[PDB]
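Student: Okay, here's the structure, questions in a sec.
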Amino acid sequence: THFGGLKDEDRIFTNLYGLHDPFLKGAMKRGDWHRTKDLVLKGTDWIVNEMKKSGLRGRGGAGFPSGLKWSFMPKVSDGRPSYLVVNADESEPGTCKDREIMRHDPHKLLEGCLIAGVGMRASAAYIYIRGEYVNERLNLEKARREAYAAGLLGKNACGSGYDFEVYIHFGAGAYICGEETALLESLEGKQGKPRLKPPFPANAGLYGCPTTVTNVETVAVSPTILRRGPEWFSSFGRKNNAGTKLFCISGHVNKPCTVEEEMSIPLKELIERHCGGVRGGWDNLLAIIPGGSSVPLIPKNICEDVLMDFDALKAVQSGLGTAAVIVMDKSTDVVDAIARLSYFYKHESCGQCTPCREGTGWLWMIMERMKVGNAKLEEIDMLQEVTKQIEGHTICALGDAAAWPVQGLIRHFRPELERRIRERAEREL
Amino acid sequence: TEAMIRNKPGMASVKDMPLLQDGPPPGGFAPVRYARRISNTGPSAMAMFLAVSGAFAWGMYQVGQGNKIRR
Ligand SMILES: Cc1cc2nc3c(=O)[nH]c(=O)nc-3n(C[C@H](O)[C@H](O)[C@H](O)COP(=O)(O)O)c2cc1C
Ligand code: SF4
């Protein structure tokens, strides 16, 4: 078909821009907490089944099919109280879609905590707010106190027979702590250092108890996915990728904004319609980082007709992460921008594993050389090889997230890197 | 390393490294002789016998004349 058009009655995250009251008496008017008693009474298997049928995929960088992820949790509880850590923490460069759910309609996030908790047989939800979101977690603790006073959460899930309580943890400025296997530890009290995957969080995660880490957007669309139609949700986007992603058009657009819109939308259509347009017209575009910062670039010659869905952007030698589209026009120093991205991945890398801990400082040094031109024309092949040495070997996908920006920069703008290097050479002598 | 040991300011690339080491000059060295050039330009078989025989023919006549003078 032809995607992109989402009508104001189809946007799931109403009160995104905080125009209306976020808390109760303002959330019940937006349908929040509408009839969750019935949903909880409809059971856990029905919730998982409707989430799988709705084809909701991971709103976070992983892109995993939710629901199927929620079916990983154990059915019969063997004494370990299954938890539900909500990955409120983002810290991905470009990504504010979580910041508009923690505040500005947080009750959708709390009701999603509850509905996913009954969905995955959980017993408590730890909304891991990003550390810097102080005002956001204050709004969320206000809404949590409300949903506790209104009998929604705690010792009876919205009057139902489900004991489910939402506790609000908050980290402290660490993009690495945001990872699924590192959220469990940074919340366990230890450092935010990921654990290896052979113990999966669904098998032994938080406190060793089973758990599933869900981004706020996936857990927060869960309520309206169930209350509305799972067929209605899956009616958006392409076949596999389906839903209404919450985008964040980040930089070098004349009107930067985060706006919810149907997935599989043409990136050019999103840019030209909602956020205005690439500063100086579309012909001024240089590159676009379509996902968060954990995704390769798009050099504007494959950015005209690329759709903002997981599958197509993966097929374009890139990825749709948090869909925090970062736009860069012909006026920016794209090598300097990717150098600052690699500096970010050097800073926010908990250093647990050698391939990332060291090679990311290495990538930052090579990028801060190539952005001046101090390198040699064969280093652009070392940089590719260094990134491919980091990629598959790191404990978590941060290694990926640090090798992918530089890999995409090389793959696409190798002419510009080589030009800077040759210009440095001719500047000498 | 090995691009920070052989600098050659500029060079834009890992090739074109200085690479100045010992070797023959452009065009090689001169053609060096190895054969045995032993010049046989001496007195021949004759001219040596005929110098000896000639010395005997005249010098012994001189010995004779000296014997005549001494006698
Ligand atoms: C490199 C990397 C970056 C991540 N970035 C985010 C992020 O920005 N936001 C988030 O909620 N989770 C993030 N995560 C955690 C997971 O990838 C995933 O987003 C989360 O555990 C579940 O989200 P989902 O249920 O929507 O797939 C990140 C993990 C890795 C390894
Ligand atoms: S070194 Fe990189 S991959 Fe390893 S735990 Fe730290 S951030 Fe994750």
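FYI, nothing fancy with the structure tokens labels: chains A, B, ... in order, residues from 1 per chain, ligands from 1 as they appear.
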Enumerate as number ranges by chain all residues of segment 25-70 of chain B assigned to helix (DSSP H, G or I) by DSSP on the backbone, naming them with the chain letters and numbers the document uses.
Tutor: B: 49-70
Student: Selected residues, N, CA, C and O atoms, written as a PDB file, in the first residue's frame, please.
Tutor:
```
ATOM      1  N   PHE B  49     116.206 -18.433 -26.616  1.00  0.00           N
ATOM      2  CA  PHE B  49     117.310 -19.353 -26.958  1.00  0.00           C
ATOM      3  C   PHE B  49     118.304 -18.577 -27.793  1.00  0.00           C
ATOM      4  O   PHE B  49     119.493 -18.698 -27.558  1.00  0.00           O
ATOM      5  N   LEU B  50     117.829 -17.719 -28.681  1.00  0.00           N
ATOM      6  CA  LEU B  50     118.797 -17.058 -29.577  1.00  0.00           C
ATOM      7  C   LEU B  50     119.435 -15.927 -28.802  1.00  0.00           C
ATOM      8  O   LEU B  50     120.501 -15.500 -29.225  1.00  0.00           O
ATOM      9  N   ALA B  51     118.796 -15.392 -27.748  1.00  0.00           N
ATOM     10  CA  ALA B  51     119.600 -14.475 -26.949  1.00  0.00           C
ATOM     11  C   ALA B  51     120.660 -15.232 -26.164  1.00  0.00           C
ATOM     12  O   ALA B  51     121.830 -14.834 -26.138  1.00  0.00           O
ATOM     13  N   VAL B  52     120.274 -16.363 -25.560  1.00  0.00           N
ATOM     14  CA  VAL B  52     121.252 -17.207 -24.809  1.00  0.00           C
ATOM     15  C   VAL B  52     122.325 -17.725 -25.774  1.00  0.00           C
ATOM     16  O   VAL B  52     123.519 -17.550 -25.469  1.00  0.00           O
ATOM     17  N   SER B  53     121.915 -18.329 -26.894  1.00  0.00           N
ATOM     18  CA  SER B  53     122.886 -18.877 -27.880  1.00  0.00           C
ATOM     19  C   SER B  53     123.734 -17.737 -28.448  1.00  0.00           C
ATOM     20  O   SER B  53     124.956 -17.920 -28.562  1.00  0.00           O
ATOM     21  N   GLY B  54     123.109 -16.595 -28.751  1.00  0.00           N
ATOM     22  CA  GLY B  54     123.861 -15.430 -29.255  1.00  0.00           C
ATOM     23  C   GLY B  54     124.860 -14.937 -28.226  1.00  0.00           C
ATOM     24  O   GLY B  54     126.008 -14.648 -28.614  1.00  0.00           O
ATOM     25  N   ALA B  55     124.457 -14.882 -26.953  1.00  0.00           N
ATOM     26  CA  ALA B  55     125.392 -14.482 -25.877  1.00  0.00           C
ATOM     27  C   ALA B  55     126.523 -15.509 -25.798  1.00  0.00           C
ATOM     28  O   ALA B  55     127.683 -15.094 -25.679  1.00  0.00           O
ATOM     29  N   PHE B  56     126.190 -16.797 -25.898  1.00  0.00           N
ATOM     30  CA  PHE B  56     127.232 -17.855 -25.882  1.00  0.00           C
ATOM     31  C   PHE B  56     128.148 -17.695 -27.100  1.00  0.00           C
ATOM     32  O   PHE B  56     129.369 -17.759 -26.932  1.00  0.00           O
ATOM     33  N   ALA B  57     127.576 -17.437 -28.280  1.00  0.00           N
ATOM     34  CA  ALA B  57     128.392 -17.340 -29.513  1.00  0.00           C
ATOM     35  C   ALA B  57     129.365 -16.159 -29.428  1.00  0.00           C
ATOM     36  O   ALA B  57     130.544 -16.350 -29.783  1.00  0.00           O
ATOM     37  N   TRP B  58     128.908 -15.004 -28.936  1.00  0.00           N
ATOM     38  CA  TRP B  58     129.772 -13.792 -28.909  1.00  0.00           C
ATOM     39  C   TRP B  58     130.538 -13.710 -27.588  1.00  0.00           C
ATOM     40  O   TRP B  58     131.748 -13.433 -27.633  1.00  0.00           O
ATOM     41  N   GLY B  59     129.864 -13.954 -26.461  1.00  0.00           N
ATOM     42  CA  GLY B  59     130.497 -13.887 -25.161  1.00  0.00           C
ATOM     43  C   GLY B  59     131.587 -14.920 -24.968  1.00  0.00           C
ATOM     44  O   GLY B  59     132.576 -14.656 -24.287  1.00  0.00           O
ATOM     45  N   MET B  60     131.436 -16.104 -25.561  1.00  0.00           N
ATOM     46  CA  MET B  60     132.524 -17.071 -25.470  1.00  0.00           C
ATOM     47  C   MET B  60     133.685 -16.693 -26.378  1.00  0.00           C
ATOM     48  O   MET B  60     134.842 -16.958 -26.041  1.00  0.00           O
ATOM     49  N   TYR B  61     133.401 -16.057 -27.513  1.00  0.00           N
ATOM     50  CA  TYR B  61     134.473 -15.452 -28.293  1.00  0.00           C
ATOM     51  C   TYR B  61     135.186 -14.376 -27.494  1.00  0.00           C
ATOM     52  O   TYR B  61     136.403 -14.213 -27.613  1.00  0.00           O
ATOM     53  N   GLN B  62     134.453 -13.654 -26.654  1.00  0.00           N
ATOM     54  CA  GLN B  62     135.077 -12.632 -25.827  1.00  0.00           C
ATOM     55  C   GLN B  62     135.904 -13.265 -24.718  1.00  0.00           C
ATOM     56  O   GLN B  62     136.964 -12.748 -24.363  1.00  0.00           O
ATOM     57  N   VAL B  63     135.429 -14.376 -24.154  1.00  0.00           N
ATOM     58  CA  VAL B  63     136.240 -15.141 -23.214  1.00  0.00           C
ATOM     59  C   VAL B  63     137.522 -15.601 -23.881  1.00  0.00           C
ATOM     60  O   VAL B  63     138.600 -15.581 -23.280  1.00  0.00           O
ATOM     61  N   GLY B  64     137.430 -16.010 -25.140  1.00  0.00           N
ATOM     62  CA  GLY B  64     138.626 -16.421 -25.855  1.00  0.00           C
ATOM     63  C   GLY B  64     139.595 -15.279 -26.066  1.00  0.00           C
ATOM     64  O   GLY B  64     140.799 -15.423 -25.857  1.00  0.00           O
ATOM     65  N   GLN B  65     139.082 -14.132 -26.493  1.00  0.00           N
ATOM     66  CA  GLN B  65     139.948 -12.981 -26.701  1.00  0.00           C
ATOM     67  C   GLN B  65     140.538 -12.487 -25.387  1.00  0.00           C
ATOM     68  O   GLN B  65     141.688 -12.040 -25.353  1.00  0.00           O
ATOM     69  N   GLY B  66     139.781 -12.575 -24.295  1.00  0.00           N
ATOM     70  CA  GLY B  66     140.327 -12.231 -22.998  1.00  0.00           C
ATOM     71  C   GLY B  66     141.380 -13.213 -22.538  1.00  0.00           C
ATOM     72  O   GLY B  66     142.347 -12.824 -21.885  1.00  0.00           O
ATOM     73  N   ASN B  67     141.217 -14.490 -22.880  1.00  0.00           N
ATOM     74  CA  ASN B  67     142.262 -15.465 -22.595  1.00  0.00           C
ATOM     75  C   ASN B  67     143.508 -15.170 -23.410  1.00  0.00           C
ATOM     76  O   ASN B  67     144.629 -15.333 -22.923  1.00  0.00           O
ATOM     77  N   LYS B  68     143.332 -14.713 -24.648  1.00  0.00           N
ATOM     78  CA  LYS B  68     144.486 -14.328 -25.453  1.00  0.00           C
ATOM     79  C   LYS B  68     145.194 -13.124 -24.854  1.00  0.00           C
ATOM     80  O   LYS B  68     146.426 -13.073 -24.821  1.00  0.00           O
ATOM     81  N   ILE B  69     144.435 -12.145 -24.366  1.00  0.00           N
ATOM     82  CA  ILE B  69     145.063 -10.971 -23.769  1.00  0.00           C
ATOM     83  C   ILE B  69     145.772 -11.345 -22.476  1.00  0.00           C
ATOM     84  O   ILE B  69     146.892 -10.894 -22.210  1.00  0.00           O
ATOM     85  N   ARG B  70     145.147 -12.190 -21.659  1.00  0.00           N
ATOM     86  CA  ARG B  70     145.769 -12.611 -20.412  1.00  0.00           C
ATOM     87  C   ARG B  70     147.017 -13.442 -20.675  1.00  0.00           C
ATOM     88  O   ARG B  70     148.012 -13.324 -19.954  1.00  0.00           O
TER      89      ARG B  70
END
```
Student: Just the residues within 6 Å of segment 151-153 of chain A, please, counting only C-alpha atoms, with nothing from its chain fewer than 3 positions along; format it as a list in words.
Tutor: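 Using only C-alpha atoms, the neighbours found are residues 147, 148, 157, 158, 164 and 165 of chain A.
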Student: Set the cut-off to 7 Å and count only C-alpha atoms: what are the residues of chain B that reach chain A? Output as a PyMOL selection string.
Tutor: chain B and resi 9-14
Student: List every residue of segment 93-147 of chain A that DSSP, applied to the backbone of this structure, places in strand (DSSP E), and write the result as a list in words.
Tutor: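 Going through segment 93-147 of chain A, the strand (DSSP E) residues come out as residues 124, 125, 126, 127, 128 and 129 of chain A.
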Student: What's the 6 Å shell around segment 41-52 of chain A, counting only C-alpha atoms, without same-chain residues fewer than 4 positions away, as a ChimeraX atom specification?
Tutor: /A:67-68,118-119
Student: Could you write those residues out with N, CA and C atoms, as a PDB file, in the first residue's frame?
Tutor:
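Once everything was written out, this is out.pdb:
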```
ATOM      1  N   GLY A  67       5.446  -9.791  22.953  1.00  0.00           N
ATOM      2  CA  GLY A  67       4.491 -10.871  23.062  1.00  0.00           C
ATOM      3  C   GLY A  67       5.208 -12.200  23.008  1.00  0.00           C
ATOM      4  N   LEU A  68       5.896 -12.460  21.889  1.00  0.00           N
ATOM      5  CA  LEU A  68       6.740 -13.679  21.790  1.00  0.00           C
ATOM      6  C   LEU A  68       7.802 -13.562  22.883  1.00  0.00           C
ATOM      7  N   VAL A 118       0.545  -8.863  34.321  1.00  0.00           N
ATOM      8  CA  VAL A 118      -0.401  -9.968  34.235  1.00  0.00           C
ATOM      9  C   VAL A 118      -0.164 -10.749  32.951  1.00  0.00           C
ATOM     10  N   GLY A 119       0.413 -10.105  31.937  1.00  0.00           N
ATOM     11  CA  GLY A 119       0.673 -10.794  30.688  1.00  0.00           C
ATOM     12  C   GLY A 119       1.773 -11.829  30.801  1.00  0.00           C
TER      13      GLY A 119
END
```
Student: Would you list the residues that come within 7 Å of ligand 2? Count only C-alpha atoms and all ligand atoms and give the answer as a list in words.
Tutor: residues 176, 193, 194, 349, 350, 351, 352, 353, 354, 355, 356, 357, 394, 395, 396, 397, 398 and 399 of chain A
Student: Next, dump the selected residues to file, keeping only N, CA, C and O atoms, as a PDB file, in the first residue's frame.
Tutor:
```pdb
ATOM      1  N   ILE A 176      24.964   2.673  28.984  1.00  0.00           N
ATOM      2  CA  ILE A 176      25.245   1.216  29.104  1.00  0.00           C
ATOM      3  C   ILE A 176      24.262   0.564  30.083  1.00  0.00           C
ATOM      4  O   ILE A 176      23.831  -0.562  29.809  1.00  0.00           O
ATOM      5  N   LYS A 193      27.016  -3.106  34.519  1.00  0.00           N
ATOM      6  CA  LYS A 193      27.791  -3.876  33.561  1.00  0.00           C
ATOM      7  C   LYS A 193      26.962  -5.037  33.055  1.00  0.00           C
ATOM      8  O   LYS A 193      26.549  -5.880  33.866  1.00  0.00           O
ATOM      9  N   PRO A 194      26.690  -5.130  31.756  1.00  0.00           N
ATOM     10  CA  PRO A 194      25.876  -6.234  31.249  1.00  0.00           C
ATOM     11  C   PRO A 194      26.407  -7.588  31.676  1.00  0.00           C
ATOM     12  O   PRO A 194      27.583  -7.746  32.006  1.00  0.00           O
ATOM     13  N   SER A 349      30.472   3.347  27.812  1.00  0.00           N
ATOM     14  CA  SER A 349      30.775   1.940  27.587  1.00  0.00           C
ATOM     15  C   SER A 349      31.337   1.384  28.876  1.00  0.00           C
ATOM     16  O   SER A 349      32.490   1.662  29.214  1.00  0.00           O
ATOM     17  N   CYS A 350      30.547   0.570  29.579  1.00  0.00           N
ATOM     18  CA  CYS A 350      30.879   0.247  30.960  1.00  0.00           C
ATOM     19  C   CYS A 350      32.215  -0.469  31.066  1.00  0.00           C
ATOM     20  O   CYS A 350      32.704  -0.722  32.171  1.00  0.00           O
ATOM     21  N   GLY A 351      32.880  -0.686  29.925  1.00  0.00           N
ATOM     22  CA  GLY A 351      34.253  -1.219  29.943  1.00  0.00           C
ATOM     23  C   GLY A 351      34.360  -2.658  30.386  1.00  0.00           C
ATOM     24  O   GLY A 351      35.497  -3.128  30.568  1.00  0.00           O
ATOM     25  N   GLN A 352      33.236  -3.349  30.549  1.00  0.00           N
ATOM     26  CA  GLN A 352      33.374  -4.721  31.083  1.00  0.00           C
ATOM     27  C   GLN A 352      34.177  -5.579  30.110  1.00  0.00           C
ATOM     28  O   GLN A 352      35.158  -6.128  30.579  1.00  0.00           O
ATOM     29  N   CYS A 353      33.886  -5.543  28.805  1.00  0.00           N
ATOM     30  CA  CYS A 353      34.547  -6.477  27.846  1.00  0.00           C
ATOM     31  C   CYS A 353      35.644  -5.789  27.037  1.00  0.00           C
ATOM     32  O   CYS A 353      35.417  -4.657  26.588  1.00  0.00           O
ATOM     33  N   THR A 354      36.745  -6.499  26.770  1.00  0.00           N
ATOM     34  CA  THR A 354      37.916  -5.907  26.065  1.00  0.00           C
ATOM     35  C   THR A 354      37.617  -5.387  24.654  1.00  0.00           C
ATOM     36  O   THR A 354      38.076  -4.268  24.367  1.00  0.00           O
ATOM     37  N   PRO A 355      36.858  -6.068  23.766  1.00  0.00           N
ATOM     38  CA  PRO A 355      36.691  -5.576  22.398  1.00  0.00           C
ATOM     39  C   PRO A 355      36.074  -4.173  22.373  1.00  0.00           C
ATOM     40  O   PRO A 355      36.529  -3.362  21.596  1.00  0.00           O
ATOM     41  N   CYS A 356      35.079  -3.919  23.221  1.00  0.00           N
ATOM     42  CA  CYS A 356      34.481  -2.563  23.294  1.00  0.00           C
ATOM     43  C   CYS A 356      35.340  -1.650  24.166  1.00  0.00           C
ATOM     44  O   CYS A 356      35.758  -0.603  23.660  1.00  0.00           O
ATOM     45  N   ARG A 357      35.646  -2.049  25.404  1.00  0.00           N
ATOM     46  CA  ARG A 357      36.358  -1.187  26.339  1.00  0.00           C
ATOM     47  C   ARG A 357      37.567  -0.531  25.692  1.00  0.00           C
ATOM     48  O   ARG A 357      37.782   0.674  25.849  1.00  0.00           O
ATOM     49  N   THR A 394      31.727  -8.354  21.401  1.00  0.00           N
ATOM     50  CA  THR A 394      31.449  -7.714  22.672  1.00  0.00           C
ATOM     51  C   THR A 394      30.357  -8.456  23.434  1.00  0.00           C
ATOM     52  O   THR A 394      29.570  -9.214  22.866  1.00  0.00           O
ATOM     53  N   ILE A 395      30.298  -8.238  24.750  1.00  0.00           N
ATOM     54  CA  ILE A 395      29.288  -8.963  25.581  1.00  0.00           C
ATOM     55  C   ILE A 395      27.889  -8.561  25.122  1.00  0.00           C
ATOM     56  O   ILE A 395      27.085  -9.459  24.807  1.00  0.00           O
ATOM     57  N   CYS A 396      27.620  -7.253  25.092  1.00  0.00           N
ATOM     58  CA  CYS A 396      26.276  -6.746  24.712  1.00  0.00           C
ATOM     59  C   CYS A 396      26.348  -6.100  23.329  1.00  0.00           C
ATOM     60  O   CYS A 396      27.438  -6.109  22.729  1.00  0.00           O
ATOM     61  N   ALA A 397      25.231  -5.550  22.852  1.00  0.00           N
ATOM     62  CA  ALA A 397      25.189  -4.971  21.491  1.00  0.00           C
ATOM     63  C   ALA A 397      25.766  -3.552  21.491  1.00  0.00           C
ATOM     64  O   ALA A 397      25.724  -2.916  20.432  1.00  0.00           O
ATOM     65  N   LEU A 398      26.245  -3.056  22.634  1.00  0.00           N
ATOM     66  CA  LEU A 398      26.916  -1.728  22.611  1.00  0.00           C
ATOM     67  C   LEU A 398      28.139  -1.835  21.700  1.00  0.00           C
ATOM     68  O   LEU A 398      28.389  -0.871  20.960  1.00  0.00           O
ATOM     69  N   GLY A 399      28.867  -2.956  21.743  1.00  0.00           N
ATOM     70  CA  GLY A 399      29.968  -3.152  20.779  1.00  0.00           C
ATOM     71  C   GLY A 399      29.440  -2.900  19.387  1.00  0.00           C
ATOM     72  O   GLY A 399      30.051  -2.080  18.678  1.00  0.00           O
TER      73      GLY A 399
END
```
Student: Can you tell me which residues sit at most 8 Å away from ligand 1, counting only C-alpha atoms and all ligand atoms, written as number ranges by chain?
Tutor: A: 57-66, 69, 86-93, 95, 98, 175-176, 178-181, 212-219, 292, 294, 321-322, 396-402
Student: Write out as a PyMOL selection string the residues lying within 12 Å of residue 414 of chain A, counting only C-alpha atoms and excluding same-chain residues fewer than 2 positions away.
Tutor: chain A and resi 299+334-335+370+377-381+383-384+406-412+416-421
Student: What does the structure give for the distance between atom CA of residue 269 of chain A and atom CA of residue 253 of chain A, in Å to one decimal?
Tutor: 13.3 Å
Student: Quick one, how far is atom CA of residue 187 of chain A from atom CA of residue 344 of chain A?
Tutor: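 These two atoms are separated by 22.7 Å.
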Student: Rounded to one decimal, what separation in Å do you get between atom CA of residue 249 of chain A and atom CA of residue 141 of chain A?
Tutor: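 So the two atoms, atom CA of residue 249 of chain A and atom CA of residue 141 of chain A, lie 28.1 Å apart.
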Student: Counting only C-alpha atoms, what is within 9 Å of segment 171-173 of chain A, bar same-chain residues fewer than 4 positions away, as a ChimeraX atom specification?
Tutor: /A:89,91,128-132,177-178,183,186-187,192,348
Student: Name the residues in contact with residue 11 of chain A at a cut-off of 8 Å, using only C-alpha atoms, excluding same-chain residues fewer than 2 positions from it; report them as a PDB file with C-alpha atoms, in the first residue's frame.
Tutor:
```pdb
ATOM      1  CA  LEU A   6      -1.987   8.337  10.847  1.00  0.00           C
ATOM      2  CA  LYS A   7      -5.156  10.129  11.902  1.00  0.00           C
ATOM      3  CA  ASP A   8      -5.335  11.898  15.252  1.00  0.00           C
ATOM      4  CA  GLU A   9      -7.783   9.256  16.512  1.00  0.00           C
ATOM      5  CA  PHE A  13       0.207   8.423  22.717  1.00  0.00           C
ATOM      6  CA  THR A  14      -2.340  11.177  23.056  1.00  0.00           C
ATOM      7  CA  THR A 244       2.713   3.110  15.147  1.00  0.00           C
ATOM      8  CA  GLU A 260       3.953   9.476  16.680  1.00  0.00           C
ATOM      9  CA  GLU A 261       3.277   8.136  13.207  1.00  0.00           C
TER      10      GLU A 261
END
```
